[PDB]
>>> print(open('run.txt').read())   # compact mmCIF, C-alpha atoms and all ligand atoms
# COMPACT_ATOMS: atom_id res chain seq x y z
CA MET Z 1 99.89 110.46 63.64
CA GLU Z 2 99.59 114.16 64.46
CA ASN Z 3 99.40 113.10 68.10
CA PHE Z 4 103.05 112.09 68.25
CA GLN Z 5 106.25 114.03 67.69
CA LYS Z 6 108.89 111.84 66.04
CA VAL Z 7 112.00 112.13 68.18
CA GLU Z 8 114.12 109.59 66.34
CA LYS Z 9 113.98 106.51 64.13
CA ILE Z 10 115.01 103.61 66.34
CA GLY Z 11 114.82 100.85 63.77
CA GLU Z 12 113.35 98.93 60.86
CA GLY Z 13 111.30 96.33 62.72
CA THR Z 14 110.20 92.98 61.32
CA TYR Z 15 106.80 94.49 60.55
CA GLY Z 16 107.59 98.15 59.90
CA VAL Z 17 109.46 101.31 60.83
CA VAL Z 18 109.75 102.17 64.53
CA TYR Z 19 110.10 105.64 66.00
CA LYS Z 20 110.82 106.99 69.44
CA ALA Z 21 107.93 109.43 69.82
CA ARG Z 22 106.45 111.81 72.36
CA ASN Z 23 102.70 112.05 73.00
CA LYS Z 24 101.93 115.76 72.52
CA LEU Z 25 99.20 115.66 75.18
CA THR Z 26 100.59 113.33 77.85
CA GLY Z 27 104.27 114.04 77.32
CA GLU Z 28 104.76 110.29 77.51
CA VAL Z 29 107.74 108.97 75.51
CA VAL Z 30 106.95 105.77 73.62
CA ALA Z 31 108.10 103.47 70.83
CA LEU Z 32 105.70 103.78 67.87
CA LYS Z 33 105.65 101.01 65.30
CA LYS Z 34 103.95 101.49 61.94
CA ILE Z 35 102.76 98.07 60.80
CA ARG Z 36 102.96 97.48 57.06
CA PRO Z 37 92.88 91.82 59.07
CA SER Z 38 90.20 92.01 61.77
CA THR Z 39 91.68 88.77 63.10
CA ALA Z 40 94.96 90.61 63.59
CA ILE Z 41 93.19 93.54 65.26
CA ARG Z 42 91.30 91.43 67.80
CA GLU Z 43 94.36 89.31 68.51
CA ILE Z 44 96.69 92.27 68.99
CA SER Z 45 94.03 93.90 71.15
CA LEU Z 46 94.19 90.88 73.45
CA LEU Z 47 97.90 91.51 74.04
CA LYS Z 48 97.08 94.83 75.69
CA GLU Z 49 96.05 92.78 78.73
CA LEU Z 50 99.28 90.76 78.78
CA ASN Z 51 100.96 92.93 81.40
CA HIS Z 52 104.06 91.82 83.36
CA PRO Z 53 107.18 93.69 84.59
CA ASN Z 54 109.41 91.73 82.22
CA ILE Z 55 107.21 92.25 79.18
CA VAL Z 56 107.34 95.49 77.19
CA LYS Z 57 103.86 96.98 77.68
CA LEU Z 58 101.64 97.36 74.65
CA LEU Z 59 100.01 100.72 75.40
CA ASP Z 60 97.78 101.07 72.39
CA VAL Z 61 96.63 99.55 69.16
CA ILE Z 62 95.63 102.33 66.81
CA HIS Z 63 93.63 101.45 63.77
CA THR Z 64 92.79 104.71 62.01
CA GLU Z 65 92.87 105.84 58.37
CA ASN Z 66 93.04 102.11 57.64
CA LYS Z 67 96.58 101.96 59.03
CA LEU Z 68 97.96 100.03 62.04
CA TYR Z 69 100.19 101.51 64.75
CA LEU Z 70 101.39 99.82 67.90
CA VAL Z 71 102.41 102.05 70.78
CA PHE Z 72 104.81 100.43 73.21
CA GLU Z 73 106.47 101.28 76.49
CA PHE Z 74 109.93 102.81 75.70
CA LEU Z 75 113.29 101.43 76.92
CA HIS Z 76 116.65 102.99 76.05
CA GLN Z 77 118.74 100.04 74.92
CA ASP Z 78 118.53 96.50 73.60
CA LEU Z 79 120.60 93.48 74.63
CA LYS Z 80 122.32 93.19 71.24
CA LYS Z 81 123.83 96.65 71.70
CA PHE Z 82 124.67 95.97 75.37
CA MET Z 83 126.46 92.75 74.46
CA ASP Z 84 128.51 94.54 71.82
CA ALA Z 85 129.37 97.27 74.33
CA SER Z 86 130.40 94.62 76.86
CA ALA Z 87 132.36 92.52 74.35
CA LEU Z 88 135.84 93.41 75.63
CA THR Z 89 135.21 92.37 79.22
CA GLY Z 90 131.97 90.43 78.90
CA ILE Z 91 128.74 90.82 80.87
CA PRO Z 92 129.49 89.79 84.48
CA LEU Z 93 127.98 86.41 85.44
CA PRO Z 94 125.74 87.92 88.15
CA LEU Z 95 124.09 90.18 85.56
CA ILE Z 96 123.84 87.37 82.97
CA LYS Z 97 122.10 85.35 85.67
CA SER Z 98 119.77 88.19 86.64
CA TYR Z 99 118.80 88.80 83.02
CA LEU Z 100 118.19 85.12 82.31
CA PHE Z 101 116.07 84.78 85.46
CA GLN Z 102 114.00 87.84 84.55
CA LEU Z 103 113.50 86.68 80.95
CA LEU Z 104 112.34 83.26 82.21
CA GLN Z 105 109.84 85.01 84.50
CA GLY Z 106 108.50 86.87 81.48
CA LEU Z 107 108.29 83.67 79.44
CA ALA Z 108 106.62 81.78 82.29
CA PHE Z 109 103.98 84.50 82.48
CA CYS Z 110 103.28 84.60 78.73
CA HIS Z 111 103.32 80.85 78.37
CA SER Z 112 100.87 80.46 81.28
CA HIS Z 113 98.53 82.70 79.26
CA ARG Z 114 99.05 80.65 76.10
CA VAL Z 115 101.02 83.39 74.37
CA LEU Z 116 104.23 82.55 72.49
CA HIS Z 117 106.89 84.90 71.19
CA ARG Z 118 108.39 82.75 68.38
CA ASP Z 119 111.13 85.19 67.39
CA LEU Z 120 113.18 86.01 70.48
CA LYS Z 121 116.61 87.55 69.77
CA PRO Z 122 118.94 90.03 71.51
CA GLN Z 123 117.42 92.90 69.54
CA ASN Z 124 114.00 92.44 71.09
CA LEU Z 125 115.21 92.10 74.68
CA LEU Z 126 115.23 95.64 76.11
CA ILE Z 127 117.02 96.93 79.19
CA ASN Z 128 116.97 99.95 81.46
CA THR Z 129 119.20 101.54 84.09
CA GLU Z 130 117.44 99.77 86.99
CA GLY Z 131 118.73 96.36 86.02
CA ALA Z 132 115.48 95.24 84.40
CA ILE Z 133 115.26 93.37 81.10
CA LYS Z 134 112.01 92.94 79.16
CA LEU Z 135 110.75 90.88 76.24
CA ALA Z 136 109.44 92.90 73.28
CA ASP Z 137 106.99 91.79 70.58
CA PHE Z 138 105.37 88.87 72.37
CA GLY Z 139 102.41 87.50 70.43
CA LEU Z 140 102.98 89.59 67.31
CA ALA Z 141 104.13 86.58 65.26
CA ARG Z 142 100.88 84.65 65.73
CA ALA Z 143 98.88 87.85 65.16
CA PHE Z 144 100.63 88.16 61.79
CA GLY Z 145 103.41 85.93 60.44
CA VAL Z 146 104.11 84.84 56.86
CA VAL Z 147 117.46 89.74 56.25
CA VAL Z 148 115.62 87.59 58.83
CA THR Z 149 118.03 86.29 61.49
CA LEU Z 150 117.75 82.52 61.89
CA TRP Z 151 120.31 82.23 64.68
CA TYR Z 152 117.79 81.67 67.46
CA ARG Z 153 115.29 79.46 65.60
CA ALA Z 154 114.41 76.13 67.26
CA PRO Z 155 115.15 72.97 65.24
CA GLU Z 156 111.51 71.91 65.03
CA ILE Z 157 110.77 75.17 63.15
CA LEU Z 158 113.70 74.58 60.78
CA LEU Z 159 112.46 71.04 60.19
CA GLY Z 160 109.09 72.37 59.06
CA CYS Z 161 106.82 71.74 62.01
CA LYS Z 162 103.62 73.71 61.56
CA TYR Z 163 102.58 73.90 65.19
CA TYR Z 164 104.96 75.72 67.47
CA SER Z 165 104.94 75.16 71.19
CA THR Z 166 106.23 77.22 74.12
CA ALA Z 167 109.45 75.21 73.72
CA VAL Z 168 110.55 77.35 70.77
CA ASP Z 169 111.03 80.31 73.12
CA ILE Z 170 113.08 78.30 75.60
CA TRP Z 171 115.38 77.25 72.72
CA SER Z 172 115.88 80.83 71.60
CA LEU Z 173 116.55 81.98 75.17
CA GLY Z 174 119.10 79.18 75.60
CA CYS Z 175 120.91 80.42 72.48
CA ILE Z 176 120.92 83.94 73.94
CA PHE Z 177 122.19 82.72 77.35
CA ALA Z 178 125.11 80.96 75.55
CA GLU Z 179 125.89 84.13 73.56
CA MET Z 180 125.95 86.28 76.72
CA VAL Z 181 128.40 83.82 78.26
CA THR Z 182 130.80 83.27 75.36
CA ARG Z 183 130.37 86.64 73.62
CA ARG Z 184 129.77 84.92 70.29
CA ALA Z 185 126.52 83.74 68.70
CA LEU Z 186 126.01 80.03 69.37
CA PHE Z 187 124.60 79.12 65.93
CA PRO Z 188 125.12 81.96 63.42
CA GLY Z 189 123.59 80.28 60.37
CA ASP Z 190 123.23 82.25 57.16
CA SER Z 191 120.58 80.05 55.50
CA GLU Z 192 117.99 77.63 56.89
CA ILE Z 193 120.13 74.61 56.07
CA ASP Z 194 123.34 76.23 57.36
CA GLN Z 195 121.43 77.04 60.56
CA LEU Z 196 120.21 73.48 60.90
CA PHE Z 197 123.63 71.99 60.17
CA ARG Z 198 125.38 74.32 62.62
CA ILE Z 199 123.04 73.02 65.32
CA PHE Z 200 123.70 69.41 64.22
CA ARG Z 201 127.48 69.93 64.23
CA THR Z 202 127.39 71.02 67.85
CA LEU Z 203 124.59 69.01 69.41
CA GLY Z 204 124.81 65.98 67.13
CA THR Z 205 122.51 65.07 64.25
CA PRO Z 206 119.23 64.15 65.95
CA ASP Z 207 117.81 60.65 65.69
CA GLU Z 208 114.79 58.71 66.90
CA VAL Z 209 116.51 57.89 70.20
CA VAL Z 210 116.94 61.47 71.40
CA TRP Z 211 114.05 62.91 69.39
CA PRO Z 212 111.17 60.47 68.78
CA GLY Z 213 109.41 61.48 65.59
CA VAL Z 214 112.21 63.60 64.13
CA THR Z 215 112.61 61.47 61.01
CA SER Z 216 108.98 62.13 60.09
CA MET Z 217 109.27 65.92 60.25
CA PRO Z 218 108.21 67.77 57.06
CA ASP Z 219 111.68 68.87 56.03
CA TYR Z 220 113.73 66.03 57.49
CA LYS Z 221 115.91 64.26 54.92
CA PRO Z 222 117.56 60.87 55.52
CA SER Z 223 120.46 62.34 53.58
CA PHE Z 224 121.36 64.73 56.43
CA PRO Z 225 125.01 64.19 57.39
CA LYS Z 226 125.37 62.45 60.75
CA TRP Z 227 127.55 64.46 63.12
CA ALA Z 228 128.50 63.31 66.63
CA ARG Z 229 127.50 65.47 69.59
CA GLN Z 230 130.24 67.70 70.94
CA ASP Z 231 131.27 67.59 74.56
CA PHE Z 232 129.17 70.27 76.22
CA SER Z 233 132.18 71.72 78.13
CA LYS Z 234 133.59 72.90 74.81
CA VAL Z 235 130.44 74.79 73.76
CA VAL Z 236 130.16 77.46 76.45
CA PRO Z 237 133.44 77.58 78.35
CA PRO Z 238 134.10 78.56 81.02
CA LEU Z 239 130.49 78.38 82.27
CA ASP Z 240 130.11 76.28 85.46
CA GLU Z 241 128.23 72.98 85.67
CA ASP Z 242 125.07 74.62 87.06
CA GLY Z 243 125.03 76.84 83.98
CA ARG Z 244 125.86 74.04 81.54
CA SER Z 245 123.21 71.83 83.09
CA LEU Z 246 120.49 74.46 82.67
CA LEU Z 247 121.62 75.26 79.12
CA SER Z 248 121.59 71.60 78.16
CA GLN Z 249 117.98 71.35 79.31
CA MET Z 250 117.03 74.46 77.32
CA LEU Z 251 118.62 73.01 74.18
CA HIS Z 252 117.16 69.50 74.23
CA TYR Z 253 116.15 68.55 70.67
CA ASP Z 254 112.75 67.09 71.57
CA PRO Z 255 110.44 70.09 72.30
CA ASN Z 256 108.66 67.91 74.87
CA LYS Z 257 111.84 67.19 76.83
CA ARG Z 258 112.98 70.82 76.69
CA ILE Z 259 112.69 72.48 80.11
CA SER Z 260 109.78 74.85 80.74
CA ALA Z 261 110.33 78.46 81.83
CA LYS Z 262 108.65 77.68 85.19
CA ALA Z 263 110.88 74.65 85.78
CA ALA Z 264 114.02 76.52 84.70
CA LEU Z 265 113.36 79.19 87.35
CA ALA Z 266 113.80 76.45 89.98
CA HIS Z 267 117.11 75.21 88.55
CA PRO Z 268 120.07 75.26 91.00
CA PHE Z 269 121.81 77.79 88.72
CA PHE Z 270 119.56 80.44 90.24
CA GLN Z 271 120.38 79.59 93.85
CA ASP Z 272 122.43 82.79 94.20
CA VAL Z 273 120.62 85.07 91.75
CA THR Z 274 120.61 88.80 92.55
CA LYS Z 275 119.71 91.94 90.60
CA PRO Z 276 122.84 93.96 89.78
CA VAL Z 277 122.84 97.44 88.20
CA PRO Z 278 124.30 97.38 84.67
CA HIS Z 279 126.66 100.10 83.45
CA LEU Z 280 124.62 101.78 80.72
CA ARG Z 281 126.02 104.59 78.62
CA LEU Z 282 123.05 106.27 76.93
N1 LIG Z 301 119.58 105.03 70.64
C1 LIG Z 301 118.35 104.64 69.95
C2 LIG Z 301 117.68 103.61 70.59
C3 LIG Z 301 116.48 103.81 71.37
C4 LIG Z 301 115.83 102.72 72.00
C5 LIG Z 301 116.36 101.40 71.88
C6 LIG Z 301 115.69 100.21 72.54
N2 LIG Z 301 114.22 100.19 72.38
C7 LIG Z 301 113.51 99.75 71.34
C8 LIG Z 301 114.13 99.27 70.11
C9 LIG Z 301 113.36 98.81 69.02
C10 LIG Z 301 111.94 98.80 69.08
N3 LIG Z 301 111.19 98.34 68.00
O1 LIG Z 301 109.86 98.32 68.05
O2 LIG Z 301 111.78 97.90 66.88
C11 LIG Z 301 111.30 99.27 70.26
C12 LIG Z 301 112.05 99.75 71.38
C13 LIG Z 301 111.26 100.21 72.57
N4 LIG Z 301 110.07 99.65 72.87
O3 LIG Z 301 111.75 101.17 73.35
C14 LIG Z 301 117.56 101.19 71.11
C15 LIG Z 301 118.20 102.28 70.48
>>> encode(input="run.txt", output="C-alpha cells")
Amino acid sequence: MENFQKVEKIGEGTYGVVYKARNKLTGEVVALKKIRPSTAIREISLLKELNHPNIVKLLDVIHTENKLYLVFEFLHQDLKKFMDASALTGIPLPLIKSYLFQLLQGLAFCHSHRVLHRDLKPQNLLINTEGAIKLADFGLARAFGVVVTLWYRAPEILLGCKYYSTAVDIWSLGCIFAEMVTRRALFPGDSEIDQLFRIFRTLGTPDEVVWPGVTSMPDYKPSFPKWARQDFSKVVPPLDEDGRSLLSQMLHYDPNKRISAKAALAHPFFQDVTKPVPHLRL
C-alpha cells in the first residue's frame, strides 16, 4: 500500500495487523487491516453496504497483489481502554445506558439485515468524543472464521452448536453491560471448559427445563457438575431492577428465549436514556 502512510500500529487484530493510516490523496485518516477465497471477497464486499451510525464503516475492500486489506472508518479509542481508564470511579450509569442503547441499535440494524457479529468484546466497540459508540468487525467472522478471548462467548457456541443465531450477539453484549457496571469481567474463563463452568456457576447448570434441547448439544456431557443458580442481585450489584431485568433477558440460556436487540430497545431500563459526553483523554 503505497497509497497510505502508516501513522501508527494500533493492534494485532484477529485476522492481521492493523495500522492507523492516512490516505495520501484524500488526507482521510483510516484504520487499515492487513488480512492474513472469492467467497470471502464477495461476502466482505456486501458489508460495504451495511452502513449505520453505530457500525464502524467499511470504506474499502482492496484485493490487489493477491493480498487483502480492509479500510475502516477510524475512531480514537476502544471500550476496553475506556473501561480501564474509568476503573477507579466507574463509567457513570447515564453513559453506560447510552452506550448500551446505541450498541443495541447497531445490533438491531445488522440483525435485521441478517448479519451477525459473533465475536463482540470491549476491544471492538469503538468510541469518540461526541458520545457515540460503534461496533467494529461485523460480519467478518462469517466471511472467514476457522490468545482468543472466550469471555463473551454464548453458551450454545461453547456447547458446540454449529449454527449461530443473532442471540449470540445479545449474550456477548449482556456480558459487556455487566462488566461496565461492576468494573470486572462477568465470566473471565481461560479455557473453553473454564468459560462454560464459570457461566454455570453463576447462572446455574442448564437443564431441559430452562433450555429445551441442551442435553443433546454436541459438546454437552451428562457429567457436567450441577451448580445452583445464583441470586441475580449478587451478580451485578448495585445495578437497579430495571437493569437487572434487562440483563437477565440478555443472558437467558435458551437462544430462542434470549431478548432481541429490537425488543431490548423497548425495555423500561431505557425510559430515561440520554446521550452524555464522555471524558476522553486522547
Ligand atoms: N492510541 C492508539 C489507538 C488508536 C485507535 C484505537 C481505536 N480504534 C481501532 C482499534 C483497533 C482496530 N482494529 O482493526 O484492530 C481498528 C480501530 C479503528 N477502526 O479506528 C485505539 C488505540
>>> closest_atom_pairs(input="run.txt", of="region 38-112 of chain Z", to="region 160-171 of chain Z", cutoff="10 Å", atoms="only C-alpha atoms", output="tab-separated table")
residue	atom	partner	partner_atom	distance
Z:103	CA	Z:170	CA	10.0
Z:104	CA	Z:170	CA	8.3
Z:107	CA	Z:169	CA	7.7
Z:108	CA	Z:166	CA	9.4
Z:110	CA	Z:166	CA	9.2
Z:111	CA	Z:166	CA	6.3
Z:112	CA	Z:166	CA	9.5
>>> residues_near_ligand(input="run.txt", ligand="ligand LIG 301 (chain Z)", cutoff="6 Å", atoms="only C-alpha atoms and all ligand atoms", output="list in words")
residues 10, 11, 13, 18, 31, 33, 72, 73, 74, 75, 76, 77, 78 and 126 of chain Z
>>> closest_residue(input="run.txt", among="Z:192, Z:156, Z:240, Z:207", to="residue 226 (chain Z)", atoms="all atoms listed in the file")
Z:207
>>> residues_around(input="run.txt", residues="residue 259 (chain Z)", least_positions_apart="4", cutoff="8 Å", atoms="all atoms listed in the file", output="PyMOL selection string")
chain Z and resi 167+170+249-250+252+263-264
>>> atom_distance(input="run.txt", atom1="CA of residue 153 (chain Z)", atom2="CA of residue 101 (chain Z)")
20.6 Å
>>> atom_distance(input="run.txt", atom1="CA of residue 55 (chain Z)", atom2="CA of residue 253 (chain Z)")
26.7 Å
>>> axis_aligned_box(input="run.txt", around="region 211-219 of chain Z", padding_each_side="4 Å", output="AutoDock Vina command-line options")
--center_x 111.1 --center_y 64.7 --center_z 62.7 --size_x 13.8 --size_y 16.4 --size_z 21.4
>>> closest_residue(input="run.txt", among="Z:258, Z:244, Z:183, Z:229", to="residue 85 (chain Z)", atoms="only C-alpha atoms")
Z:183
>>> closest_residue(input="run.txt", among="Z:179, Z:137, Z:28, Z:8", to="residue 57 (chain Z)", atoms="only C-alpha atoms")
Z:137
>>> atom_distance(input="run.txt", atom1="CA of residue 14 (chain Z)", atom2="CA of residue 62 (chain Z)")
18.2 Å
>>> closest_residue(input="run.txt", among="Z:105, Z:38, Z:271, Z:195", to="residue 154 (chain Z)", atoms="all atoms listed in the file")
Z:195
>>> residues_around(input="run.txt", residues="residue 37 (chain Z)", least_positions_apart="6", cutoff="10 Å", atoms="only C-alpha atoms", output="JSON, numbers by chain")
{"Z": [43, 143, 144]}
>>> residues_around(input="run.txt", residues="residue 106 (chain Z)", least_positions_apart="3", cutoff="10 Å", atoms="all atoms listed in the file", output="PyMOL selection string")
chain Z and resi 51-56+100-103+109-112+133-135+138+261-262
>>> residues_near_point(input="run.txt", point="(120.7, 99.9, 88.8)", cutoff="10 Å", atoms="all atoms listed in the file", output="ChimeraX atom specification")
/Z:128-132,275-280
>>> residues_near_point(input="run.txt", point="(127.7, 67.7, 58.6)", cutoff="8 Å", atoms="all atoms listed in the file", output="list in words")
residues 197, 200, 201, 224, 225, 226 and 227 of chain Z
>>> build_atoms(input="run.txt", residues="region 210-234 of chain Z", atoms="N, CA, C and O atoms", output="CSV table (one decimal), keeping the file's coordinate frame")
chain,number,residue,atom,x,y,z
Z,210,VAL,N,117.0,60.2,70.6
Z,210,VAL,CA,116.9,61.5,71.4
Z,210,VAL,C,115.7,62.3,71.0
Z,210,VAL,O,115.3,63.2,71.8
Z,211,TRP,N,115.2,62.1,69.8
Z,211,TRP,CA,114.0,62.9,69.4
Z,211,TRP,C,113.0,62.0,68.6
Z,211,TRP,O,113.0,62.0,67.4
Z,212,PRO,N,112.2,61.3,69.4
Z,212,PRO,CA,111.2,60.5,68.8
Z,212,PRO,C,110.3,61.3,67.8
Z,212,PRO,O,109.8,62.4,68.2
Z,213,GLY,N,110.2,60.8,66.6
Z,213,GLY,CA,109.4,61.5,65.6
Z,213,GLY,C,110.2,62.4,64.7
Z,213,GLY,O,109.7,62.8,63.7
Z,214,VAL,N,111.5,62.7,65.0
Z,214,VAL,CA,112.2,63.6,64.1
Z,214,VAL,C,112.3,63.2,62.7
Z,214,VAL,O,112.3,64.1,61.8
Z,215,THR,N,112.4,61.9,62.4
Z,215,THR,CA,112.6,61.5,61.0
Z,215,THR,C,111.3,61.6,60.2
Z,215,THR,O,111.4,61.4,59.0
Z,216,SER,N,110.2,62.0,60.8
Z,216,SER,CA,109.0,62.1,60.1
Z,216,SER,C,108.6,63.6,60.0
Z,216,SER,O,107.5,64.0,59.5
Z,217,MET,N,109.5,64.5,60.4
Z,217,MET,CA,109.3,65.9,60.2
Z,217,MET,C,109.2,66.3,58.8
Z,217,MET,O,109.9,65.7,57.9
Z,218,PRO,N,108.4,67.3,58.5
Z,218,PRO,CA,108.2,67.8,57.1
Z,218,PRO,C,109.5,68.0,56.2
Z,218,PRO,O,109.6,67.5,55.1
Z,219,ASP,N,110.5,68.6,56.8
Z,219,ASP,CA,111.7,68.9,56.0
Z,219,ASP,C,112.9,68.0,56.4
Z,219,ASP,O,114.0,68.3,56.0
Z,220,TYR,N,112.7,66.9,57.1
Z,220,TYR,CA,113.7,66.0,57.5
Z,220,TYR,C,114.1,65.2,56.3
Z,220,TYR,O,113.3,64.8,55.5
Z,221,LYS,N,115.4,65.1,56.1
Z,221,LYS,CA,115.9,64.3,54.9
Z,221,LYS,C,116.9,63.2,55.5
Z,221,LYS,O,117.8,63.5,56.3
Z,222,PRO,N,116.7,61.9,55.0
Z,222,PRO,CA,117.6,60.9,55.5
Z,222,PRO,C,119.0,61.1,55.1
Z,222,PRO,O,119.9,60.6,55.7
Z,223,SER,N,119.1,62.0,54.1
Z,223,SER,CA,120.5,62.3,53.6
Z,223,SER,C,121.2,63.3,54.4
Z,223,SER,O,122.4,63.7,54.1
Z,224,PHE,N,120.7,63.8,55.6
Z,224,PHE,CA,121.4,64.7,56.4
Z,224,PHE,C,122.6,64.1,56.9
Z,224,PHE,O,122.6,62.9,57.3
Z,225,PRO,N,123.8,64.8,56.9
Z,225,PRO,CA,125.0,64.2,57.4
Z,225,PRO,C,124.8,63.9,58.9
Z,225,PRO,O,124.0,64.5,59.6
Z,226,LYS,N,125.5,62.8,59.4
Z,226,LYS,CA,125.4,62.4,60.8
Z,226,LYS,C,126.6,62.9,61.5
Z,226,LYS,O,127.7,62.3,61.4
Z,227,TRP,N,126.5,63.9,62.3
Z,227,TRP,CA,127.6,64.5,63.1
Z,227,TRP,C,127.4,64.0,64.6
Z,227,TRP,O,126.3,63.9,65.1
Z,228,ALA,N,128.5,63.7,65.2
Z,228,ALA,CA,128.5,63.3,66.6
Z,228,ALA,C,128.3,64.5,67.5
Z,228,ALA,O,128.8,65.6,67.2
Z,229,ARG,N,127.7,64.4,68.7
Z,229,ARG,CA,127.5,65.5,69.6
Z,229,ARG,C,128.8,65.9,70.2
Z,229,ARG,O,129.6,65.1,70.6
Z,230,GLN,N,129.0,67.2,70.4
Z,230,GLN,CA,130.2,67.7,70.9
Z,230,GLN,C,130.1,67.7,72.4
Z,230,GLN,O,129.0,67.9,73.0
Z,231,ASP,N,131.3,67.6,73.1
Z,231,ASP,CA,131.3,67.6,74.6
Z,231,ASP,C,130.7,69.0,74.9
Z,231,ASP,O,131.2,70.0,74.4
Z,232,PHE,N,129.8,69.0,75.8
Z,232,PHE,CA,129.2,70.3,76.2
Z,232,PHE,C,130.1,71.3,76.9
Z,232,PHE,O,129.8,72.5,76.9
Z,233,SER,N,131.2,70.8,77.5
Z,233,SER,CA,132.2,71.7,78.1
Z,233,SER,C,133.0,72.6,77.1
Z,233,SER,O,133.6,73.5,77.5
Z,234,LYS,N,132.9,72.2,75.9
Z,234,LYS,CA,133.6,72.9,74.8
Z,234,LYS,C,132.7,74.0,74.2
Z,234,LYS,O,133.2,74.9,73.6
